[PDB]
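Working notes for the structure below.
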Amino acid sequence: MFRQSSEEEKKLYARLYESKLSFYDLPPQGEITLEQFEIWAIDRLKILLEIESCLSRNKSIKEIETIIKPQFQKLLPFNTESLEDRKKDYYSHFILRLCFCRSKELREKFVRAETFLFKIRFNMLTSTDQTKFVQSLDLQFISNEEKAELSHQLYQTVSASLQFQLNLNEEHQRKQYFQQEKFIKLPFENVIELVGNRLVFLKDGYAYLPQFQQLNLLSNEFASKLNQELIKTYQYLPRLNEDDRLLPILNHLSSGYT
Amino acid sequence: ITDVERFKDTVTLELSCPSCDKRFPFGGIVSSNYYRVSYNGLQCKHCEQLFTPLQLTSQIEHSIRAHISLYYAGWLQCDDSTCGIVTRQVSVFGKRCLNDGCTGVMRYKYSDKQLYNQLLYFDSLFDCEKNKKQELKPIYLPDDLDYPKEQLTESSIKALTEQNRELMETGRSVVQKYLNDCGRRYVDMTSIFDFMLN
Amino acid sequence: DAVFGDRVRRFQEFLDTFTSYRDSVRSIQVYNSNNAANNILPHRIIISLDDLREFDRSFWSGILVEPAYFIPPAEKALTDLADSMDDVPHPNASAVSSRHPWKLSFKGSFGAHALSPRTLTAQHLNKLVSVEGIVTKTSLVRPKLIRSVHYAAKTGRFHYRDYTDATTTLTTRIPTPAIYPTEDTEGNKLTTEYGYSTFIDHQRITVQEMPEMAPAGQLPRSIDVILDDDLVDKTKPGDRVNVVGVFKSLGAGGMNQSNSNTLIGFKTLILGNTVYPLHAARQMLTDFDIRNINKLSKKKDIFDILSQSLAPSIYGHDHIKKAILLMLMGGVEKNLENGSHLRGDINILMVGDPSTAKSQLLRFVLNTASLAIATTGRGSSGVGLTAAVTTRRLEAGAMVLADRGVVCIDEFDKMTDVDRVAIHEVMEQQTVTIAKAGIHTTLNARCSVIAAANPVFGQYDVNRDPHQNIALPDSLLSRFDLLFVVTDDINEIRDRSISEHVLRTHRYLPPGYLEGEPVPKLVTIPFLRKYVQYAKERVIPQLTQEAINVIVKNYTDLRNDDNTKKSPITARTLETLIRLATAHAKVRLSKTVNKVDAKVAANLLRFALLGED
Amino acid sequence: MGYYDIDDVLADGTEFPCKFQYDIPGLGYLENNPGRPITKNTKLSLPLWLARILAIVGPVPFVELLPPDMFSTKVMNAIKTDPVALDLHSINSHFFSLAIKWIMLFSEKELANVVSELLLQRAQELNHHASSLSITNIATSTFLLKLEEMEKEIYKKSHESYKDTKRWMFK
Amino acid sequence: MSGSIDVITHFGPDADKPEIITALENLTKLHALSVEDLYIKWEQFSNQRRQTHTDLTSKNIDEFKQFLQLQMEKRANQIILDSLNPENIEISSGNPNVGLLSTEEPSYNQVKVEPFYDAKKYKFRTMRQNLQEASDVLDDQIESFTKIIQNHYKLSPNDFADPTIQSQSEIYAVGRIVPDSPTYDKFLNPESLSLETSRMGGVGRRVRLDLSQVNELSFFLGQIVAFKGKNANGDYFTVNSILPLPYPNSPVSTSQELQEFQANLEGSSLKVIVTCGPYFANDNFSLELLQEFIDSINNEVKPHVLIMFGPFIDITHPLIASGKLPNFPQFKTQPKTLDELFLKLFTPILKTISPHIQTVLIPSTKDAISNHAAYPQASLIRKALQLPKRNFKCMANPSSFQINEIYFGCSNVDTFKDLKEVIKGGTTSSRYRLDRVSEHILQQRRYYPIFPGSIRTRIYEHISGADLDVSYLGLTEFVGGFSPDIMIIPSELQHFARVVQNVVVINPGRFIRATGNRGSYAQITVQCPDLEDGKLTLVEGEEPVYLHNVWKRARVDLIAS
Ligand SMILES: Nc1ncnc2c1ncn2[C@@H]1O[C@H](COP(=O)(O)OP(=O)(O)NP(=O)(O)O)[C@@H](O)[C@H]1O
Ligand SMILES: [Mg+2]
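Quick note, the sequences are listed as chains A, J, 3, E and B, same order.
Residues 1 to 5, 44 to 177, 181 to 299 in the authors' numbering are what the first sequence spells out, letter by letter.
Each number in the authors' numbering comes from the position in the second sequence (counting from 1) with 1270 added on.
Residues 18 to 55, 90 to 331, 338 to 448, 455 to 582, 648 to 741 in the authors' numbering are what the third sequence spells out, letter by letter.
Residues 1 to 58, 68 to 144, 158 to 193 in the authors' numbering are what the fourth sequence spells out, letter by letter.
Residues 1 to 79, 203 to 582, 604 to 705 in the authors' numbering are what the fifth sequence spells out, letter by letter.
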C-alpha cells in the first residue's frame, strides 16, 4: 500500500491549558503590566467572593453554577483558546496565592473558594476532557476477578447511587451499567467523606469506589497541593517585599476578606 | 483611583497656536474659552486657526521630551525639613545628604512616579473612551474666571469624539511611544520565581 | 441515554460561538414583551447549515443523516438559551405550563439531498431532504391535543398529563388513547381545566412534480406533507413551493394480520420543518433604491423619461404610453364616513386599424404590472369573466381574481352582447353579486381594465359618424376614462422611419452570444417597477384649491361647447379629470396636487377626446 | 502551459468583469462604440488575455478586476458540502485552468486548499468508473456528463490503459 | 417660513404643528444634513419595521434620532576650511564602485563596518533611575581608577588612605572632583574644589582641596583624580603632587589581518565622510542642501563609508517648540507625526545614497525619531525608518565600531562644549583648550566624563541637557579598555581635527547653520596599512602585533557642506 514520509512562554501556556484545567503547577515567565496584575487579581477575587457568598448562603452546586457561569465571559473566561484569557486565569490565581498565603484564615478561605471553582469548571468539561485532564496529572482499578467475587457487595453499595445520581430507575439498566462500570481500590482514610455517608464498600481497610464517583479525590488533591504551595508561598514573602509597588494592591485585595 | 486624584500634581498640557501664538490649556474634548473641537479637529477660538495633526502631535511630543529632560536633569532634594537642600550632586551613597551633619534622605525632586503620571495624564487626554465618559482631569473649576459659559452636551461630546477618532488615536500613539520605554511599567515573572530556583 | 446530554452541550457551544443567533432570540423576545403591555412573532429561528458545517462536521452530518437523534437535543439547547435570558415576571396560569419550546429551521447547501417528488426513493427514508413542486390540495385546519390539566376538588392539587401521536415527534413512543382521566389515584373526582391545557394546529397538504418535468405524457407523482403550529395556511393550491423536512414512514404495513398477503407497502410522509416560496409579484427595496428614487424625482421632466422608457421597441404613440403610465399609478380610493364609495382606478380603451401595434402594446402591460390577467374577448363568457356556480360553492372569474391589479382584454369587439353586459357593474361598483338557486353573495373586484378592438368597417371611416364606426352602447363607452383612435395613414417619411426602426430592432444580439448562435436616457424596467411600487405605496397626494380652479373651468367648458367630440361627456368625465391629476401628482412624488398636474391632465384628456392638440 | 496548446489558447478567451480607473479617448470600441471615450468607473466584461495585462501596467493601473461569479461563495459552499455530486461542467467548461490562473494572479491560499480537496475527491469516483470494464451504460453515463474538459482526458487515458491490459491478459 | 415650508414640501402638511417643526429643525441643525436629506433618511427609517403607520409623531421622531445616531456611528465604523596633514597625504579617490549601475554583488572592494559593542546592553528601559544604582556606578568608577593607578605606579594597597582623616604622613588618595558647596552657583575656582572618596576608600566623605602647592592643573566636575598629599589639620587635604592618570592602550592588529585589509582595498586609501545634524535651518524644513550633498557624495566624492550623526529631527527645533510646523505642499498626504515627517522628508533622500556606500547613523538624545531619550542611547530602528539593510547600519550613542583595521569612537553628546575646566598656571592656560578636553576624555576613558551632566536653561525653565541615565554610564566607557584610533565627538563649537596622544580627534561641526548658511563636514582619508613603509610600529610579543598609527597615515579635511 502507498505511503508518504517569547515563543516558549506561548507554548508553555498552550500546554498548560490543553486539558482546559490546571493544578497551576509551574512558574510563570516573561512579563505583564502592573495594571494587568491588579485587574486580573480583582476579577478572580470577585468570582471567588461570590462563590464564598453563595456557600455562606448554603446554596447548592447547581445554583452556584447558574450564578457563576455567566461571570466567566466577563471576568475569567473558561474553555477558551485565547492566550490572553489563559494567561489572565493563570496569573490571577498566582497573584491570589501571594495575597492569601499571609494567614491561616486567608489560606483556608482561598483554598475553599478556589477548590469550589475547580469543581465548577471540572463539571463544565466533557468526559473526554475530564479523562485527559486526570491522566495528565499522573493519577488502582480492581481486577475483573475481584469485581466478580465482590459483585454482590459492590452492586448493593452502588445500586441506590445509580438510581439517584445517574437516574437509572430501571434495575435492568442498573445491571447493565454495573456490568460496564469499573471500580477503584484504595485505603478507606482517603475517601472518608464517602465512608461516613456509606457510599463506598469497605473490606479489610480498603474502600471500593466506582469510576463514576471519586471527583472529591481530585478536588482534595487540588486543595492539598494548593495549601502546601500557599505554605511555601508564605515562607518566601520576604522576597516579595523588595518591590513596594505590589504591597498596596495585595493589601487592598486581602481587605475584602477581613 | 480617579484621574482627578491620580493627576493632581501633573502639569497641564499647554498648546501654542501656530497662527496667533496664544497659549491655552488643552483638556481633551471639553468646553473651553480658548479652543473648540469641531468635526475637522482642534480649532483656536482666538483666530479660528485649524490645527493640523502634525502641529498638535509635535507639541505633545515636545512636552513629553521636555518632561523627560527635566527628569534626567537629576535634581535631588533632602527630605529633612530643616535642611531642604536642592542639588544635582550625587554622593557615592546616593541617599546620604551632602550637607554636613544632616541625616536626611536625598530623593529625586522630579521622581519617576511623577514623570510616569505625567505621561499617563498626556495619554488620558487622547483616550476616546475617557473623553466620552468625561473622566478626564478638569482644566477649569466652576469658580474659575475662565470657566466656559456654554457646556458641550454628552451627545455632542460622543459625536465629536467619534468624528475625531483618528486624531485622538494619533496623539495617543505619540504618547504610547514613550510609555512603552518607561521602566516603571512591567513585572518580570521569570526573575520573580526564585523560590522554584531554590 | 448519556449521549443526549453531550449533544446538548455541543450545540450550546455552537450557539455561544456564532453570536448572530443570540441576537435573534433576544430581538424576538423583547419585541413580544413590548407589545404585550399594550402581531406576536413566532418562537422560531432559521440557522445556516454552512455555519454548522464549519463549526463541527460530526454534528453537521449527524443532523443531516440522523435527524431523529440530533434535531431534538439542539432544539432543547435553543430553548435553554432563550429561557436563561431575562423574561417578564409573574406569568399567568396558562403561561406557567404552556409546553411551548422554541423550534429550528434550516437554509443552504443541501447537496445530494435536494430532490423532487419523482426521484424521492426508499433509500432516502429517515434522512433530512428538500423537495420542490406545486401544491395541489390542502386540508382544513384542525386542533390537536398534546397536554391537559386537571384540578382535584378535595386536595386542591393541580395535575396534568401528556399525549403523543406518530406525527408529533421525530422519535417513536407508545401511542396514547386520547382519554381524559376522570378520577385521581387517591379516588378524588377530577375536573378538566380548559384554557390551561394546550392544543396545537394541524394541516396536511400534497405536493406534485411540476408539469414542465413530466416525461412522455406519463402520470405525475406526488407526496403528502404535514404542517403544524406556525406553518399552517401559508400556502394555497397552485403555489410553487420548496419544502424542507424529514422523510419518514408510518403504520403497520399489513404485517398486523391482513388479507393482502403483505404485498401492499408502508405509508410515507414528509414532516414539514421549513417552507419557502418560488417566484415563478413583489420586490423589496434596499436603501440605495430609496436614495435613487428620491433623487430622480427632481428632474424637470420625469414624466417624459418614464413614459418613453415604456416599450421602447414600439415606435410612436407617445400619448398612449403616458396614459398607460398614469393607469399604472392610479388615483386614490375614497370611503366616506356614511359607507359611501367613490371610484379610484382608471380604464382605457383603444380602437384602430389592422397591424397598428394594438395587441403588441397591450402585451407590454402584462409583463410590467405586479398582478395582471390576460384574456381574449371571444374566448371568455360573462360568468367565466365574473363568477360561476359549482358543487353550493361559488367560483370566481377572471375579474374577481385580479382584485387590485389590471386585466387585459384583446379582441374586445368579438365579445357577444350577452357577455358584455355582465361587466357594467365591475367597472364602477367594483363588485360582483350573484343571485341564483341556493346562493346569494357579493364579491370584490377592484381592478383596472385595458382593452383593444377593431372598428366596425374593418378600417376607420372618417366619412361616417364615430358611433357608426364604434358599435358599442353609450352607457359602456362612458365607463372608459380615455378612448383612443389610431390609424395607419400612409406617408413617405413615416413609413421610412418605422421601417428603419423595426429593422434596427431585429439586429439586436443578447450579451453573452456570438453572432449566429441560437439564444436622452431610458431607465431600466426593473428600476421602473421599483419606482412604481414605491410611488404607489408611500405617497397619497391630496387635492388643493389651485387644481380645483382649473378642473371646474375645464369641465364646464368641455361639456357645454358644441364640437364633434367622439365620446359622451357626463358626470364621470369630472372624475376622470380628478383621477388623472392625482395620478400625475403621484408620478411627481408630491404630497399635494398642484396647478401643473391639473393642466397636464386636461391637456391629455383634450387630446384623447377632441382628437387634436 | 505551452504556446501552441489549443486548450490554453481557448481558455484565455473567457471574459471577466472589470472596472476602469482612467478616462481614455477613442477606446470606446471596447464598449462597442469606436467613436467615444472610456470614462472612469465604467464597468465592462473583457477577455482574460487583455484584462491580465491592463490590471498590471501602470502608480494606479488602468483596470481593476471584480470578483467573478464562478468563484462566488455559493459555489465554494457547494464544493465543500459534496464535491462528487457537483456539476462543474455547467459552472464552467475550463474550471481547473482558470482556477490556477487566478491563483497565480492573486496568490490565494485558501482557494488552493479548496480546489485541491475538490480534485482529490473527484479523482476517486473517476478511477472507479475507469476500472469498471464489461465482460452498466446508464450508471456510468450519469456521472460522466459532469466532468470538466480537464477531467475527460484523464478519464480517457485511464480507461484505455486498463482496457489494453485486460485485452492482453485474457487474449 | 423657510424651514417650515421646506419640511412641509418634503414631509407632509401634518408637520405644521410647531413641535414637529422644531424637532426636525433641531435634527438638521445638529447633524448638518438638509431637510430633504432628513426626509430621505426618515424614509430609510420607515423601512424594515413592519410599521406601515410610521406616523410623524414625537416618539417616532425620537426613534428616528436614535436611528440617525446609529447610522452615523455605523458610517464612522465603516470609514576646504581646515585640514589635518595636508602636506603628507593626498585625498583618496574614493570607492570606484560608486556610480556603477551594475546589480552584480560588490565582490572585492568591501570595506567592513563591524560594531565593537553589545547592542543588547543599550536596550534598557529609560525614565527609571534608582538612586542607589546610580551611586553604585559612581563608586565603582572611583574603585576602578584606584586599581588602575595602583597597577600603573606599582603602589601598595596600604599606600592609599582616607584623605578626610588627619594624617601627618603623605598618602595617596583617589576620588572624584566635586564642588566644596553642594549648592554651588555655576562658577568653580581652584579654591572651591573638594575630593569625594569611594565607600571603601573614605566612606564617601568629601574633603576640601588646598591646591596652593600645585602650580599647573586642569580640573573639571566629575573627574576622577589621584593626589599625593596630606591632611595635617583635618579640614583640607593639601595636594603636594597630582598623579597623571595613565592613558589607555592603543588598538593593535596582526600582520595577517593587515594584509587582508590591504588586499580588500587593493592598496587604495580609505575615504570616510562624517556629517552631524541638524540638517535643516531653524526657520524651515528644507533639505535642499542635504540633497545636493548626497548628489555630490554619489557622483564626485564617492566615499567608502558615510557617518551621519543626529539630530535628524531635533525636538528642540524652534518651529517644533512653538508648534509652527508648515504645510508641506509637495506631499499628497500630510505627515501626522514627527516619525512620519522623517519618513516623508529624510527617507526618500537617504535611499538615493549609492548601495556601495556603507551608511552609519548615530542618534542624538534630542532626536524625535528615537524613543530612547537618555545617554547612553540605543540605536535607531532601521526598519521603522524604512532604510535598506544592505548599506545602512544604525549604531548606538556612544558607539565603538571598526572600519577595516581602524577603530572609531563616536559619541553624539557635546562633551567639548559641556566640559568646563578649572585651570591654574601659565603653561596650562597657554595650551589649546580642546587638546586638554580631549586628554581629559582619554584619561577618564569615557566619552562624557562630566558629572552632573550639563543643563540648558532659559529665563529659570529647563530646556535640555546631556540627559544622563546615571545607572548605565558604564556603557559610555571605551570598549575593550583601549582608546579609539579616531574619536568623533560633534560639538556646537568650531570644527577642528587634531592629533591628541596618537588619537585623531575630530569635530565635524554642524552640517547647516541656524541661519540656513552652509555648515561643515569632515572628510577623512586614511592611507592603507602597509607593513613595509615604516608607518606601523611593531610591538614585540608572543604573537607580533602592530600599532595602527592612524594619526601618521590619516588626513582629515573640514569642508563646507
Ligand atoms: N412601431 C410599430 N408600429 C406598428 N407595428 C409595429 C411596430 N413595431 C413593430 N410592429 C409589428 O406590427 C405587428 C402587428 O402588431 P399587432 O400588435 O398585432 O397589431 P394589431 O393592432 O394587434 N393588429 P390586429 O391583431 O389585427 O388587431 C407585429 O408583428 C409587431 O412586431
Ligand atoms: Mg394584432
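Each residue gets a CB set at the ideal place from its N, CA and C atoms; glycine is no exception.
Inter-residue spacing [alpha-carbon to alpha-carbon] between residue i and residue j
i, j, result
"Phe160 (chain A)", "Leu59 (chain A)", "7 Å"
"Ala79 (chain A)", "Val1274 (chain J)", "24 Å"
"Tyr276 (chain B)", "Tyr1380 (chain J)", "43 Å"
"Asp134 (chain 3)", "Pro118 (chain 3)", "24 Å"
"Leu48 (chain E)", "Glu15 (chain E)", "6 Å"
Residue i classed as buried or exposed, judged by whether at least 16 other C-beta atoms fall within 10 angstroms
i, result
"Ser364 (chain 3)", "buried"
"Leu1312 (chain J)", "buried"
"residue 159 (chain B)", "Because chain B is numbered from 79 directly to 203, the model contains no atoms for residue 159 (chain B)."
"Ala125 (chain 3)", "buried"
"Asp1397 (chain J)", "buried"
"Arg570 (chain 3)", "exposed"
"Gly26 (chain E)", "exposed"
Neighbour flag for residue i against chain 3, beta carbons, 8 Å
i, result
"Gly3 (chain B)", "no"
"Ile40 (chain B)", "yes"
"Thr90 (chain E)", "yes"
Residue-chain proximity (residue i, chain E), Cβ-Cβ < 8 Å
i, result
"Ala267 (chain 3)", "no"
"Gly113 (chain 3)", "no"
Cβ of residue i within 8 Å of any chain B Cβ
i, result
"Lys1365 (chain J)", "yes"
"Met1438 (chain J)", "no"
Chain J contact for residue i (CB, 8 Å cutoff)
i, result
"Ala519 (chain B)", "no"
"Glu69 (chain A)", "yes"
Check: residue i C-beta below 7 Å from any heavy atom of ligand 2
i, result
"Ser370 (chain 3)", "no"
"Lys415 (chain 3)", "yes"
Ligand 1 heavy atom lying under 7 Å from the CB of residue i
i, result
"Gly388 (chain 3)", "no"
"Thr433 (chain 3)", "no"
"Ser180 (chain E)", "no"
"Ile561 (chain 3)", "yes"
"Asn517 (chain 3)", "yes"
Cβ-Cβ distance between residue i and residue j below 8 Å
i, j, result
"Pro194 (chain 3)", "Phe250 (chain 3)", "yes"
"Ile100 (chain E)", "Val84 (chain E)", "yes"
"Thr1322 (chain J)", "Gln453 (chain B)", "no"
"residue 59 (chain 3)", "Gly159 (chain 3)", "No atoms are given for residue 59 (chain 3), which sits in the stretch of chain 3 between 55 and 90 that the model skips."
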